[PDB]
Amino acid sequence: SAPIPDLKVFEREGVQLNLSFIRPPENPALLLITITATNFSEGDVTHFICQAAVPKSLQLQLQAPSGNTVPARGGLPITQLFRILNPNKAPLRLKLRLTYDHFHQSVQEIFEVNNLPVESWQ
């Protein structure tokens, strides 16, 4: 398996979201994306929830996340696995919706992920 580089997709006041990709050779239709949330700010992240969506031609499942909190100052990250099936090799598009609390603010972020590697779907 050739390695596919991680993609940093979001940063806000010290909170970051990062994507990692795996394309198992033994199942070409399959893409496994791991989102990883880190926090280097002075305040905990709480109630973290990530939702995702792909084009209708693809199928998406989310595994339960490792947790809903990311402690301040480089605390334990949250990881969450996305399972995507794409047998027709349609261009991968991915949008994310994040909600969490941080510095006593309710954060709501939604965006389409740009610069997805072609290796994640070809």
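Residue numbers run from 1 along the displayed sequence.
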{"item": "Selected stretch [higher average CA B-factor]: 108-116 or 11-19", "value": "108-116"}
{"item": "Of 49-57 and 36-44, the stretch whose C-alpha atoms average the higher B-factor in the entry", "value": "49-57"}
{"item": "Criterion, highest CA B-factor; candidates, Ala90, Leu81, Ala72, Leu96", "value": "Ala90"}
{"item": "Chain third (lowest, middle, highest) by recorded CA B-factor, residue given as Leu31", "value": "lowest"}
